Structures are given as structure tokens and as C-alpha cells.
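**Q** Numbering (the deposited numbering), first residue to last: 2 to 90.
This structure is in C-alpha cells; I'll ask about it shortly.
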Amino acid sequence: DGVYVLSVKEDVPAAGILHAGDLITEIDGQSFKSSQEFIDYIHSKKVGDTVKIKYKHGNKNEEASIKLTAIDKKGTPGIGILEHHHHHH
């Protein structure tokens with residue numbers, strides 16, 4: 002159904018937009034069955050980009066635009082959250 006937010010770094014755009022315990026359901030108007038997609042989509046975008054995230058805070062239908070970044074060191078494109086899911090399973 003969607004990626005569950007587990008943590009949010011201090012040095013990222015969504016540092017205050019997305020709070021722990023949210024459920025990112027839409028990604029640029031794109032819904033995904035598995036968690037992988039979310040991983041791919043981002044993994045395709047470029048750093049500093051601005052994607053549209055539609056999350057759920059408890060039960061409220063929110064949404065916002067986040068500016069990607071290198072959640073690692075290889076400059077990979079990411080949002081900077083930790084998911085509850087494990088591996089690419």
C-alpha cells in the first residue's frame with residue numbers, strides 16, 4: 002500500500018514536512034503496490050529535483066513537494082527517510 006515513515010534526518014528538505022509515522026502513498030501522482038517502485042522512481046530522478054509527495058498524517062490527506070538529495074554519498078537520488086519494510090522483498 003505505501004511506504005511508512007520511520008525517521009527524518011535534520012539535514013534534508015522534508016526535515017519538517019514529513020514527520021515520523023506518515024504513510025507516503027502517492028509519488029508524483031503515481032501509486033505503487035510494492036515499496037520498490039518508490040525506490041526506483043526516486044532512484045531515477047536527479048538531485049535537487051522537486052517531486053510531489055502525498056502522504057497521510059494519521060488519517061489526514063496531506064501532500065507537498067520535496068526537493069531530493071543524496072541520502073548517501075554516491076549522490077544517489079533520495080528523500081531521506083527510513084522505511085519500515087526490509088530489503089527489496
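Positions of the beta carbon are idealized from the N, C-alpha and C atoms, including for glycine.
1) Starting from residue 1, follow the beta strand (DSSP E) in both directions and report where the run begins and ends.
2) Taking 8 Å as the limit between beta carbons, can you name the residues of its chain near residue 20, skipping five residues before and five after?
3) If residue 53 sits next to residue 63, beta carbons under 8 Å apart, how far is it from one beta carbon to the other, in whole angstroms?
4) Under a three-way DSSP split, which group does residue 58 fall into?
5) With the cut-off set at 8 Å, would you say residue 94 and residue 67 are in Cβ contact?
6) Check residue 35 in the structure and name its three-state DSSP category.
7) Assuming residue 36 contacts residue 4 under a Cβ cut-off of 8 Å, what Cβ separation, rounded to an integer in Å, is found between them?
8) Starting from residue 18, trace the beta strand (DSSP E) in both directions and tell me its first and last residue.
**A** Looking at the atomic coordinates:
1) The requested residue 1 is not part of the displayed model; the chain covers only 2 to 90.
2) The beta carbon of residue 20 sits closer than 8 Å to the beta carbons of 6, 9 and 58 from its chain, once the five residues preceding and following it are set aside; these are given in chain order.
3) Their Cβ separation, rounded to whole angstroms, is 12 Å, which puts residue 53 and residue 63 out of contact at 8 Å.
4) Reduced to three states, the DSSP call for residue 58 is strand.
5) Only positions 2 to 90 of the chain appear in this structure, which leaves residue 94 out of reach.
6) For residue 35, the secondary structure class from DSSP, reduced to helix, strand or coil, is coil.
7) Confirmed, Cβ separation roughly 6 Å.
8) For residue 18, there is no enclosing beta strand (DSSP E), as DSSP marks it with neither H nor E.
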